[PDB]
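Going line by line, the protein sequences match chains D, P, F, A, C and S. Position in the first sequence (first residue = 1) + 1 = the UniProt record's numbering. Mapping the second sequence onto the UniProt record's numbering, position 109 (from 1) lands on 109, and the numbers just tick up by one. Mapping the third sequence onto the UniProt record's numbering, position 124 (from 1) lands on 124, and the numbers just tick up by one. Position in the fourth sequence (first residue = 1) + 1 = the UniProt record's numbering. Position in the fifth sequence (first residue = 1) + 8 = the UniProt record's numbering. Position in the sixth sequence (first residue = 1) + 9 = the UniProt record's numbering. Heads up, the beta-carbon is just placed ideally off N, CA and C, and yes, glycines get one too. Right, one structure below, let's go through it.
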Amino acid sequence: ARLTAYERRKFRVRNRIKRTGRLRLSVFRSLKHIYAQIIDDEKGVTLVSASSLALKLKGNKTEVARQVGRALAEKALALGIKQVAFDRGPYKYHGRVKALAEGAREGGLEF
Amino acid sequence: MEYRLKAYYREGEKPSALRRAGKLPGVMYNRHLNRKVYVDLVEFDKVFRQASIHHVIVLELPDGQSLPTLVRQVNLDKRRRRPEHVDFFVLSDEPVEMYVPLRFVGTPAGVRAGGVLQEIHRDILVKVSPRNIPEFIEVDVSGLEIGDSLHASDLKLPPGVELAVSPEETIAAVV
Amino acid sequence: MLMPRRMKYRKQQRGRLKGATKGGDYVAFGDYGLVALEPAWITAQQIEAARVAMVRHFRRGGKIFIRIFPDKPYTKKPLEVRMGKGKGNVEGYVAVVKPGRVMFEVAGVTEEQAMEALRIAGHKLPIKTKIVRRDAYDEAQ
Amino acid sequence: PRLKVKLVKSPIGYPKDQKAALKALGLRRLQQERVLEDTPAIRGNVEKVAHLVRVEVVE
Amino acid sequence: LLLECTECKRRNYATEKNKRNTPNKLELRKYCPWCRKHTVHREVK
Amino acid sequence: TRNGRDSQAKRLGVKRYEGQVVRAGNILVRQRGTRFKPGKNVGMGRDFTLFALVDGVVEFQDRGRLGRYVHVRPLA
RNA sequence: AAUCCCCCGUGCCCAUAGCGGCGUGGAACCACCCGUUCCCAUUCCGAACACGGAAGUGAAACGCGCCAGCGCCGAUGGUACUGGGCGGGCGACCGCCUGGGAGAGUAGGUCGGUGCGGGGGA
RNA sequence: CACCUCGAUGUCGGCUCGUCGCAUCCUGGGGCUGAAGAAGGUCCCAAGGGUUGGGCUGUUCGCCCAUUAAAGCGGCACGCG
RNA sequence: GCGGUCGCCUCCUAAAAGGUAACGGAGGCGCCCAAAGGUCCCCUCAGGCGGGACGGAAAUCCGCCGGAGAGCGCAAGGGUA
RNA sequence: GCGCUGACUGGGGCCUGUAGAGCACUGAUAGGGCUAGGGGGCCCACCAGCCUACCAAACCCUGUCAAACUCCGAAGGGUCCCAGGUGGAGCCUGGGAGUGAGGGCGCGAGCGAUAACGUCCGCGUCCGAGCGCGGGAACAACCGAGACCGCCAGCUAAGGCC
Ligand SMILES: [Mg+2]
Ligand SMILES: [Mg+2]
Ligand SMILES: [Mg+2]
Ligand SMILES: [Mg+2]
Ligand SMILES: [Mg+2]
Ligand SMILES: [Mg+2]
Ligand SMILES: [Mg+2]
Ligand SMILES: [Mg+2]
Ligand SMILES: [Mg+2]
Ligand SMILES: [Mg+2]
Ligand SMILES: [Mg+2]
Ligand SMILES: [Mg+2]
Ligand SMILES: [Mg+2]
Ligand SMILES: [Mg+2]
Ligand SMILES: [Mg+2]
Ligand SMILES: [Mg+2]
Ligand SMILES: [Mg+2]
Ligand SMILES: [Mg+2]
Ligand SMILES: [Mg+2]
Ligand SMILES: [Mg+2]
Ligand SMILES: [Mg+2]
Ligand SMILES: [Mg+2]
Ligand SMILES: [Mg+2]
Ligand SMILES: [Mg+2]
Ligand SMILES: [Mg+2]
Ligand SMILES: [Mg+2]
Ligand SMILES: [Mg+2]
Ligand SMILES: [Mg+2]
Ligand SMILES: [Mg+2]
Ligand SMILES: [Mg+2]
Ligand SMILES: [Mg+2]
Ligand SMILES: [Mg+2]
Ligand SMILES: [Mg+2]
Ligand SMILES: [Mg+2]
Ligand SMILES: [Mg+2]
Ligand SMILES: [Mg+2]
Ligand SMILES: [Mg+2]
Ligand SMILES: [Mg+2]
Ligand SMILES: [Mg+2]
Ligand SMILES: [Mg+2]
Ligand SMILES: [Mg+2]
Ligand SMILES: [Mg+2]
Ligand SMILES: [Mg+2]
Ligand SMILES: [Mg+2]
Ligand SMILES: [Mg+2]
Ligand SMILES: [Mg+2]
Ligand SMILES: [Mg+2]
Ligand SMILES: [Mg+2]
Ligand SMILES: [Mg+2]
Ligand SMILES: [Mg+2]
Ligand SMILES: [Mg+2]
Ligand SMILES: [Mg+2]
Ligand SMILES: [Mg+2]
Ligand SMILES: [Mg+2]
Ligand SMILES: [Mg+2]
Ligand SMILES: [Mg+2]
Ligand SMILES: [Mg+2]
Ligand SMILES: [Mg+2]
Ligand SMILES: [Mg+2]
Ligand SMILES: [Mg+2]
Ligand SMILES: [Mg+2]
Ligand SMILES: [Mg+2]
Ligand SMILES: [Mg+2]
Ligand SMILES: [Mg+2]
Ligand SMILES: [Mg+2]
Ligand SMILES: [Mg+2]
Ligand SMILES: [Mg+2]
Ligand SMILES: [Mg+2]
Ligand SMILES: [Mg+2]
Ligand SMILES: [Mg+2]
Ligand SMILES: [Mg+2]
Ligand SMILES: [Mg+2]
Ligand SMILES: [Mg+2]
Ligand SMILES: [Mg+2]
Ligand SMILES: [Mg+2]
Ligand SMILES: [Mg+2]
Ligand SMILES: [Mg+2]
Ligand SMILES: [Mg+2]
Ligand SMILES: [Mg+2]
Ligand SMILES: [Mg+2]
Ligand SMILES: [Mg+2]
Ligand SMILES: [Mg+2]
Ligand SMILES: [Mg+2]
Ligand SMILES: [Mg+2]
Ligand SMILES: [Mg+2]
Ligand SMILES: [Mg+2]
């Protein structure tokens, strides 16, 4: 069994994003935590990091997400970065993935 | 069982020329070294007829040395089916891979007078120690039976080492 | 005589014969063989006449091999006609044979016998030939 | 290390791009010698007509 | 079936093409006029 | 004879090679399938036709498993 | 921050990183897991997707190692072919010079390498 | 095939007159024979000469009658208006 | 002349850019689809083995194996999970 | 009119799928092996059923073939850049044309019969228009060689030197 709905859906949505040219607001979410990474392709380089497992916070992971959401803005917007795309990878734009995006407010956005 | 050759060294000189001068181009190689040489065609032929990638050639060669080499490929030009380049493989202390003749021994093998000898492979690929090198291999069983088959693990297999893949293959049958 | 059943395309160009025997080429089934010295198209009806000549001079045992096969469609107009309007028409099949190739090749017979058969068999061919035995060199595999 | 090229065999019946080289050099007549700068480009044409020219090395 | 569908005033006639006997209804769909902008557009003649 | 037909040669292929200077618009490759894929600053039309999106120069990229790519690296 | 080890992200190279066998890892990460109230769900199924949780397990997955049976990569010689230049044969075709030079096969090689960013260590 | 000839190279057969080739029909000379003899078969040498008259059909060709040492095959713009 | 052909697409011929002829080798078009169109979200085939009432080579189902040999309205090619 | 951009050549990048080879796909294909089912030959006619001296799928070896097959793949060719290259070179605008019946040869193919002084394309060349000169006995195109004029001077090319 080569490649999986996971790996597939992952490329599918992520490949489209990488065409538009913008900086990528990649979102990896785990069972316990949710992390966020602003990457620049063609330079193969990350610019602004913002995890929850790095901000040692907890209590309802939909609300944690938004926090690490707003956390990403602050750190980033202070580096000039304003406009970006927003990955979303394998995750449907919903719950804590949608939450973090809604948190990414106070920083460029359009999402 | 022991065959002497001779040899020389190559660097320049077009193989075309050597060829013209009765000499037969060729390379000498193994895990450690690789160098181009040339034998004498008239000489080499005499040896290889009997040698034949089955037995070991010692290869004299200035340098006074005497190198344990099997012949692992003979390129002969199709137009005259004569050889045009030999490449000699030199042995060291590490199990090699080779072809060993198959002394079809026994008899008409069961149901005698008669049956079918069914000759498949006058050789066989074996991973063996460069030290002990079987001159051939006894292939008897008894024999034998009618419509049977000596696979491969049924064969003698002297204290060389073992087979070379192909656990199950013809080698014997009567029909 | 001897044609290849089911063909993707009937009627094929003709190409040249500058080759030198793709291979081949080194005997691989019998004790003796007939090798092609010249390039030619060998006709199924030429092969069948070479085969028979041997099985015949072998009492009936015997053990040919042939090794060449007529897969090339040979065409030819209906004569008494002029160029243009379709192509040949197919009147048989040939095997392409450049020098080096081993045709036929026999086994399970004496030498003064196999060699006499191969000679006969050779007279049925439009090219010059050569009889071989098979030594180490042949064991090219 | 200037080169001395000299037309010795007629190009009547040779490809047109070869008559072009004999031109790129400046050779117009048989037996004509011409001494040119020995460079890669200038050698290209000299070896292209290598069968019609005779080359010597000069001061 | 060559088709020429129009708007709903001053005509218009921005022609398209419905091939068969189904769609066989009024064969209408929302389109845009050269005049104002985006209106119903129905099928006729 | 039942044969005799054929169609007009479609003059397909690459139109700009690597290290050629192009301009926004210049079509860079005419092809049937996606023999080449649109890279950086390279669009591709409904007939799979690749063209410069901006001015600049032409460079090719063989991403092995990922196929071959035509990029228009700017300079504008 | 330096160097380094492990882990999670994300790239790049695009099989020497792959298949398969064996062995390992749960403190931390990750997964599975525990539930289906709530957002949201499955043309049926909380399998998936999704949320809220965390007792348990590294069985599955994944990560890391080892093994060359397969897969993959693969010279060096030597040929085939051939720019250009010359010969030869009734031909079908063949040979020489000078430059370029495979394919198969042989010796071998390989069960990864590395960029940026995190978390944890020394 | 379409190369000279369409500001013309008259086309079958017969007649006439030939001439040449030999892959020889007869005659001369041979070898082999499954050649007793006589008579044949088959192949070799040999082109000097010879190689009939009729019926039928425009015919060439062929069938046929009567013979013969034999009733030769071809080329010469299917020789020759 | 008779026959066949006459425009368009695909493949080869075509000599590794493009182009390239013949009464050269073989096929196809003169439509079609209001969804077979746009976008967003999900999903991944064909086969092979084993398993399972009526189920048979093949209807639907479960298991493992399966990088594309399936599919993409119709020819061929290129393309594509 | 512009004027170093030209053919050709050196270096560099990119494009290609032929020659050759290969058999991984599409097909073709020799022998052997092992086995779907049938030819069968038959036991039954309830399971069945044994054997393969004809097949023959796949599968495995050993062997091969292909314009419309390619896991491979040269040499070459195309194009751009930077250089050399001053040439009856190049480019731009315009006046005048003629040609739109080609032919031989070499090489690469198709057609044909691996026939034609055949035919149809491709790349080259000459004749065409060099039926001017030398060689090839004589001979448009094979070899040599591009004839401005004169010389009772010299060196050579092919080819030759009884
Ligand atoms: Mg071979
Ligand atoms: Mg000449
Ligand atoms: Mg309109
Ligand atoms: Mg045509
Ligand atoms: Mg075409
Ligand atoms: Mg490439
Ligand atoms: Mg990772
Ligand atoms: Mg690969
Ligand atoms: Mg593994
Ligand atoms: Mg364990
Ligand atoms: Mg594991
Ligand atoms: Mg624990
Ligand atoms: Mg714990
Ligand atoms: Mg585990
Ligand atoms: Mg893990
Ligand atoms: Mg290799
Ligand atoms: Mg080499
Ligand atoms: Mg190689
Ligand atoms: Mg290792
Ligand atoms: Mg760190
Ligand atoms: Mg004429
Ligand atoms: Mg003509
Ligand atoms: Mg006149
Ligand atoms: Mg007159
Ligand atoms: Mg006679
Ligand atoms: Mg007589
Ligand atoms: Mg007598
Ligand atoms: Mg007599
Ligand atoms: Mg005589
Ligand atoms: Mg009359
Ligand atoms: Mg008569
Ligand atoms: Mg008559
Ligand atoms: Mg008479
Ligand atoms: Mg006469
Ligand atoms: Mg006549
Ligand atoms: Mg006459
Ligand atoms: Mg008259
Ligand atoms: Mg008359
Ligand atoms: Mg008509
Ligand atoms: Mg082309
Ligand atoms: Mg299935
Ligand atoms: Mg089943
Ligand atoms: Mg079943
Ligand atoms: Mg497909
Ligand atoms: Mg299709
Ligand atoms: Mg296709
Ligand atoms: Mg396809
Ligand atoms: Mg200049
Ligand atoms: Mg140019
Ligand atoms: Mg250049
Ligand atoms: Mg390729
Ligand atoms: Mg070929
Ligand atoms: Mg194959
Ligand atoms: Mg097949
Ligand atoms: Mg077989
Ligand atoms: Mg081919
Ligand atoms: Mg093709
Ligand atoms: Mg390769
Ligand atoms: Mg070039
Ligand atoms: Mg170049
Ligand atoms: Mg310049
Ligand atoms: Mg001019
Ligand atoms: Mg002008
Ligand atoms: Mg004008
Ligand atoms: Mg005209
Ligand atoms: Mg014309
Ligand atoms: Mg022409
Ligand atoms: Mg011309
Ligand atoms: Mg010409
Ligand atoms: Mg002539
Ligand atoms: Mg030649
Ligand atoms: Mg000819
Ligand atoms: Mg002609
Ligand atoms: Mg020429
Ligand atoms: Mg004229
Ligand atoms: Mg002349
Ligand atoms: Mg001229
Ligand atoms: Mg004259
Ligand atoms: Mg003359
Ligand atoms: Mg003369
Ligand atoms: Mg002359
Ligand atoms: Mg002059
Ligand atoms: Mg002069
Ligand atoms: Mg003199
Ligand atoms: Mg001389
Ligand atoms: Mg003379």
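Inter-residue spacing [alpha-carbon to alpha-carbon] between residue i and residue j
i      : j      : result
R6/F   : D71/F  : 10 Å
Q19/A  : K7/A   : 15 Å
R44/C  : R32/S  : 37 Å
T10/S  : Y9/F   : 16 Å
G64/P  : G24/F  : 40 Å
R131/P : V56/P  : 11 Å
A74/D  : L37/S  : 40 Å
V28/D  : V14/D  : 12 Å
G14/A  : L53/A  : 12 Å
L157/P : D140/P : 12 Å
Exposure of residue i, with buried meaning 16 or more beta-carbon neighbours within 10 Å
i      : result
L125/F : buried
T23/C  : exposed
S53/D  : buried
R67/F  : buried
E119/P : exposed
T170/P : exposed
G65/S  : buried
Nearest candidate by alpha-carbon position, reference residue i, set the options
i     : options                         : result
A42/A : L26/A, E34/A, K5/A and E60/A    : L26/A
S92/P : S129/P, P62/P and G115/P        : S129/P
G96/D : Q38/D, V46/D, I35/D and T63/D   : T63/D
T58/S : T43/S, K49/S and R82/S          : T43/S
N89/F : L2/F, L34/F, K11/F and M1/F     : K11/F
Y9/P  : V141/P, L157/P, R20/P and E60/P : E60/P
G12/P : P25/P, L5/P, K6/P and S142/P    : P25/P
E38/A : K24/A, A21/A and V58/A          : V58/A
Cβ pair residue i, residue j closer than 8 Å
i      : j      : result
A20/F  : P78/F  : no
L144/P : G106/P : yes
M28/P  : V39/P  : no
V48/C  : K38/C  : yes
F60/S  : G76/S  : no
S149/P : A172/P : yes
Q50/P  : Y3/P   : yes
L26/D  : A79/D  : no
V132/F : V27/F  : yes
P101/P : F136/P : yes
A77/D  : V98/D  : no
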